Amino acid sequence: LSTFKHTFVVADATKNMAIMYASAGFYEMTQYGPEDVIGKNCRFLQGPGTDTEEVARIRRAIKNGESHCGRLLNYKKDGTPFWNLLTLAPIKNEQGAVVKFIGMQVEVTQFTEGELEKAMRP
Ligand SMILES: Cc1cc2nc3c(=O)[nH]c(=O)nc-3n(C[C@H](O)[C@H](O)[C@H](O)COP(=O)(O)O)c2cc1C
């Protein structure tokens with residue numbers, strides 16, 4: 001995991017799951033800037049049609065300190081909908097307390113026959 005490779009955000013469980021850090025990929029993906037992200041909650045990416053039950057699964061997972069993944073619909077700054085494969089993982093300290101969550105986002109795109117050929121024979 002690198003911040004100049006990958007797309008993720010870090011939430012502070014001690015400051016109410018406010019985002020404390022976002023990677024470059026996240027700003028590129030969503031088109032939002034730091035002023036729209038840092039200190040906020042990523043639920044701002046949700047919008048019309050976002051699945052309520054998936055969002056409830058995310059909420060329950062965070063409440064429980066559990067790892068999680070799920071596809072949900074999100075919205076870029078210009079209002080473009082995209083499918084977000086969101087992976088959540090808790091971060092604990094020494095004591096085994098959840099102090100942060102990391103969230104890793106993948107904008108769904110078509111996986112092609114070409115990419116598959118590449119994958120099995122790099
Ligand atoms: C580290 C982290 C990253 C998150 N990233 C996203 C995201 O990219 N898109 C999204 O819709 N929700 C994301 N969420 C979920 C929202 O922050 C929120 O937890 C979710 O909408 C359910 O809670 P709510 O019902 O109070 O909104 C993320 C949560 C955490 C903790």
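These values consider heavy atoms only, across backbone and side chains, with no hydrogens, waters or symmetry-generated copies. Position 1 is the first residue of the sequence; numbering continues from there.
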- [ ] Not counting sequence neighbours, which residues clear salt bridge (charged side-chain N to carboxylate O under 4.0 Å, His left out) with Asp36? List them please.
- [x] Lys77
Task: Separation of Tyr75 OH from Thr30 OG1 (nearest 0.5 Å) - done: 15.0 Å
TODO: Might you point out which heavy atoms bring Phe26 and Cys42 nearest each other, and give the distance in Å?
DONE: CZ-SG, 4.1 Å
Task: Separation of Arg59 CZ from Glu53 CD (nearest 0.5 Å) - done: 11.0 Å
Open item on the list: A side-chain contact here means heavy atoms from C-beta on lying under 4.5 Å apart; do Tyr21 and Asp12 qualify?
Closed with: no
TODO: Working to the nearest 0.5 Å, report the span between SG of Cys69 and CD of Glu54.
DONE: 8.0 Å
Task: Separation of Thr7 OG1 from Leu1 CG (nearest 0.5 Å) - done: 9.5 Å
- [ ] Taking all non-hydrogen atoms of both residues into account, name the closest pair between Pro90 and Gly65 and its distance.
- [x] CG-O, 3.4 Å
Task: Non-neighbouring partners of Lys76 that pass salt bridge (charged side-chain N to carboxylate O under 4.0 Å, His left out), sequence neighbours left out - done: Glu107
Open item on the list: Please report the interatomic distance CZ(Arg43) to CD1(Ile58), rounded to the nearest 0.5 Å.
Closed with: 11.0 Å
Open item on the list: Using a 3.5 Å distance criterion without hydrogens, assess whether the side chain of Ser23 forms a donor-acceptor pair with backbone atoms of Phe8.
Closed with: yes
- [ ] Measure the shortest side-chain to side-chain distance between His6 and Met104 over non-hydrogen atoms and say whether it is less than 4.5 angstrom.
- [x] no
TODO: Working to the nearest 0.5 Å, report the span between CG of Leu88 and CD1 of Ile102.
DONE: 10.0 Å
Task: Partners passing ring-ring contact (aromatic ring centres under 6.0 Å, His included) against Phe44 (at least two apart in sequence or in another chain) - done: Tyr32
Open item on the list: Is the shortest side-chain heavy-atom distance between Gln105 and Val9 below 4.5 Å?
Closed with: yes
Open item on the list: If we check side chain to side chain contact (heavy atoms under 4.5 Å, CB included) with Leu72, which of these qualifies: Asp51, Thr50, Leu85?
Closed with: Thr50
TODO: Could you tell me which non-hydrogen atom of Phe101 sits nearest to which non-hydrogen atom of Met17, and how far apart they are?
DONE: CD1-CE, 3.7 Å
Task: Shortest non-hydrogen contact between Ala11 and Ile19, atoms and distance - done: CB-CD1, 3.7 Å
Task: Over all atoms of both residues, closest heavy-atom pair of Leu73 and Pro81 - done: CD1-CB, 4.1 Å
TODO: Can you see which heavy atom on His68 is nearest to which on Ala61, and at what distance?
DONE: CB-CB, 3.7 Å
